[PDB]
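Shown below, as structure tokens, is a lone chain in the form deposited in one PDB entry; questions about how it binds or moves come after it.
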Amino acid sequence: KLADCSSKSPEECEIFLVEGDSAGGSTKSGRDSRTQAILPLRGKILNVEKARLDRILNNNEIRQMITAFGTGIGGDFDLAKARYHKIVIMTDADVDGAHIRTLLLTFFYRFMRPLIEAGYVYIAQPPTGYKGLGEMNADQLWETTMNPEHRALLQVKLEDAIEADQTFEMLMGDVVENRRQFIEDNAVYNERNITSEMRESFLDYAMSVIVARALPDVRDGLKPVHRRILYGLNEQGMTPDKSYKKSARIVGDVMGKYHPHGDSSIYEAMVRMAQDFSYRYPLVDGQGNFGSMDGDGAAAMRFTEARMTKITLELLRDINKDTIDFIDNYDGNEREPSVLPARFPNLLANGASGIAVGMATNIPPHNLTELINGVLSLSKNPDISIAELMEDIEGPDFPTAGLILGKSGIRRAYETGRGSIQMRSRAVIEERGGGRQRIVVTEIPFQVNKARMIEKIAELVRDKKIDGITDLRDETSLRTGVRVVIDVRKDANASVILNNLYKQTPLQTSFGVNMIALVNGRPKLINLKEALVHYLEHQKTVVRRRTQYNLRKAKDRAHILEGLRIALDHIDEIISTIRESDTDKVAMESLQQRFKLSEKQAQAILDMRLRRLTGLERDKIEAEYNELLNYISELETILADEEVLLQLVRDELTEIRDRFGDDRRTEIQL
């Protein structure tokens, strides 16, 4: 909805395009309303390079810009009717605002190309460090970005019409592989030429989606939003032994500290982590309505509560023992983990699916006993083959159970990273009395919506697209579990109906495996052994660093305790020394001198409470020291022999297998 300017001389009038009304309100308050109109849009606009033509012309946003510009489109473009001589793209200073700019330019170039050639399209430059313009105060948006006296608008120029053509089709067109080859050749881990602006802005968007949004890290199997939710729960001590915490608090916590994005993305990613039909090993324990297999969303975040599951403690275990590198957060006010310790193989256990740019990923979940057995075998034989690994890891193990048809799709996916896996419901034919039968479905394929699949069966029966079905009911319940009943007409073959259902409904569904994950911060198609080799290497690194951290801290503490033991052994001299010093600093110097102490030891002596001089407190000091010396010698044994450290890796993985390993759910049928 346009906020027009009062002047009607197009030569001096500017229209700014902003992402929405949050951004529009700061822009309206700061503008010069005589000459500066504002059109807030609605986020991502239609990609006209990919869209059917009738659909573009019906698009509400497309239509409001055409109307606003007054020019018309395509053949009917009349540049003499433009209502503004500066069209100013002013999206947010983040990667999504870069994307929206590339979509806006695609539309101008494909439908209002003379606007560009006439020098009418500009790119505003609002400062970085604000999530959107709505975060800026009006006078700041004026002085930095909109005031003609200070701003630095870039004018879009079209130099090479053929290169611009090709550019728009490669970046914005539907041939993914040309977009993908552009990203790989260019990935890096005033006036403005449109080709160049399109390239740099789309690459800026595409790389961010690839390494910091849609794909999981090979080491902990997490995407950034999930890693930040799980770190946020741990920062707040939201452990299984504590009471549930309001989901609104959690989301608001994670958004402000670590994840500068919309609340629905954070909340709905936390939700998936609590759903036992989505996560093979759920990472979040939800209290309340957390959605169903029928596609119902969760309850609004003001109602639900959450904490960590017990297995999530294994993801976070030893995160504060210098086991993983922390990084600066998005605004330099917080620290966050680049990766979680991940003391079970979470990428394969829970799987992943993510639509990135130029590529996607689709990793099925696995049984945790089999995975760790697989890692165990790899650790005892670096040259193990994929086939040997499949003796441990039979194939996927979906939270929703069901059946897998055959093994060659599994084997291809594990050997190459790509493969097609036919999944089936668990369905039986059974008698219902009076000579009649029914088909009874008790498990359905992974990621299939049950209500949607039932409606698809009702549509087929209604439209006479399948014969033999008299009735269709969902009898699922907490007491029953999943139970879908399809009653068969008397004397009709119910095996033929079922096989037809497998052909015409999601009762059979394929899972296309496409195992892409971040390896060393780069997207990579990996096979099964590589995924396990990267995980095992992470675990050797974590436990080595935890050992190195534990040894430093123990030695420091022992060093302190040696000072307290000296003080307990010479308590009268300690008192005399301190009492005869004017100041704490003279005391600290004199203690260092008399008793050969370090500064840290002297300050520990000065900080000791008189209660530490009682009998049982002196014994406590001696006991902690003796215990610490034994602990130090054990830690040093581990760092001195790579084999002992590798054996500690296997032992802690075996402990996790025994505590959290469960039975396989999906049956793999020959």
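Between two forms, the rigid core is the largest collection of C-alphas that superpose within 1.5 Å. All residue numbers refer to positions in the sequence shown, first residue = 1.
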Next item on the list: For the stretch from residue 189 to residue 190, please bin the deposited residues that the model skips: none, 1 to 3, 4 to 9, or 10 or more.
Entry: 10 or more
Next item on the list: Taking the mean of the C-alpha B-factors per stretch from the entry, tell me the winner out of 281-289 and 107-115.
Entry: 107-115
Checklist line | Of 378-386 and 460-468, the stretch whose C-alpha atoms average the higher B-factor in the entry | finding: 460-468
Item checked: Candidate residues 86, 552, 219, 99, the one whose C-alpha B factor the record puts highest -> 86
Checklist line | Candidate set 249, 565, 424, 529 [ranked by C-alpha B-factor, highest] | finding: 249
Item checked: Lowest, middle or highest third - CA B-factor, residue 166 -> highest
Margin query: Among the modelled residues of this chain, does the Cα B factor of residue 9 put it in the lowest, middle or highest third?
Written below: highest
Checklist line | CA B-factor placement of residue 228, once the chain's modelled residues are sorted into thirds | finding: lowest
Check: Compared with the other modelled residues in the chain, in which third is the CA B-factor of residue 203?
Finding: lowest
Next item on the list: Would you please rank residue 148 by its C-alpha temperature factor against the other modelled residues of its chain and give the third it falls in: lowest, middle or highest?
Entry: highest
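Form deposited in another entry: not shown, discussed below.
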Notebook entry, point to check: Rigid core as reference, CA moved 2 Å or more between this form and the one not shown - which of 584, 184, 334, 163?
Noted result: 584
Notebook entry, point to check: Core-aligned, is the CA shift for residue 620 between this form and the one not shown 2 angstroms or more?
Noted result: yes
